[PDB]
Structures are given as structure tokens and as C-alpha cells.
């Protein structure tokens, strides 16, 4: 039998897909790793579950622990989902600039939201969380290559049969691109890592993406590949396509992640 105990055990194992149409050429092959197949729709799922596992293994999370985390975006969704799966109460602080939709979704997962003022931004959210932690010692606030970067790299390695030549990605928050670069480069020194822009020790290049050449590419992806994603994913693919046409990259295998670490 193949049966997961809970949804948090179905994080990862995401698939590669070819980008055949939007690359208009091209001497190199481009493929995308669809982190959207994760339960909560992004690579942040991996970061969330990894944080909880580590804290459990380290004894820092006891069974009556209340996960408390200042958040602004997707890390929060992942945490709420995993917390609910594993039986942890989850309290989340965020500025009141956060969309009603994100709030409702978080509340659907049983997360309790504490809204801080928009003007204070994330510092306001970090501050309230600090404050609450002092209030009650059941509160736990989450926070070389990170485990989720290792796993992600292994999947890219397996599914490209060790042939990946260029990894192309947004910088993102959780040192993910650099971790994956660490692992791939160790087994394949010829491999290149390219950050996409709208620890630079391991990045071989930075492509500042003509923002909104990005929008165009995102539109084509949706309409020509059936892949609907955001501006950062568009930029990533634009960067990959540029790399794909450079003649010194002929025949190379280029991997991009969607949704991109930027989206």
C-alpha cells in the first residue's frame, strides 16, 4: 500500500515539465520544476515542514506547543496547513496590509491572526510576536545546506538523471537557491547557477529581468503551455530563454522552478 499519514507527508516529489513553446528556438532545453504541485502550491511548503521537523527532533516543540510566526506571504499558509495537520495550534502575526483572501485562507486552516499596523510593516509583526512569546512559554517562533534545499536538489538530480547544466531562479527568502547550488555544484562542478532579479559566492550570474518583459512571458506560458503563474515566474523563464539562446549553451539542460522563489 502507498498511504500517507497526513498531508504534510505529501510535500515534495514535484514533477518536471518541458517548456516547448515559449522558448522560441532554442539550442538548449528548458524544463520547469512545478512546486505548485505541493499541497499549498509553492516551495514554501518544504520550508515549513522542515522547520517543524527540526524543532521536533531538537525537542524545541513539545506536544502542547503553539507555533507563532510573523508572516507576510506564503510561508504562513504552509505553516498553518502543517500545524493543523500535525495537531499544533498556530498563531500568526502580520501587518494589516495583507489581503482579505490570504486572511480567510489562514483562518480556514485554524490559524489565529493578529494584525499589526500597515505602517510598521514586518517589524511590527516581528515585534508583536516577540511580545507574545514573553507572554506565554508554550509559544515557539520558527527560526550547511538546508534540508529542504537538499531534498529539492536531489529531486532535480534524479529527474534530470544528473544532466542539469544551469539552474535558474529568483533569490527568494529562505536561502533555497544557494543551497541547491551548493549541492548540485558539488556533484557537477560544470553546473551554473543564475539568479534572476527585477550569499553571492555561488551565483555565477545575475540577470536583471526587464520587468514586464516578464508579464509578456507569463501570458505566453498560460496561453501556450497551460501554466498560470506570476511576474517572477515570467522573469525566471525569460532569463532561462535568454540563456537558452546563447550559443555557448547549445544542447545544455536548463532548470527553472515554478512558482519561482520570487513569486
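Residue numbers count along the first chain shown, from 1.
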Which class fits the unmodelled deposited stretch between residue 143 and residue 144: none, 1 to 3, 4 to 9, or 10 or more? 4 to 9
Between residue 198 and residue 199, how many deposited residues lack coordinates (none, 1 to 3, 4 to 9, 10 or more)? 10 or more
On mean Cα temperature factor in this entry, is 131-139 or 147-155 the higher one? 131-139
Could you check the entry and say whether 218-226 or 200-208 has the higher mean CA B-factor? 200-208
Lowest, middle or highest third: which one holds residue 234 when the chain's residues are ordered by CA B-factor from the entry? middle
By the recorded C-alpha temperature factor, relative to the other modelled residues in its chain, which third is residue 83 in? lowest
Divide the modelled residues of the chain into thirds by Cα B-factor and specify which third, lowest, middle or highest, holds residue 256. lowest
Ranking the modelled residues of this chain by C-alpha B-factor as given in the entry, is residue 173 in the lowest, middle or highest third? highest
By the entry's values, the third containing the CA B factor of residue 71 is the middle
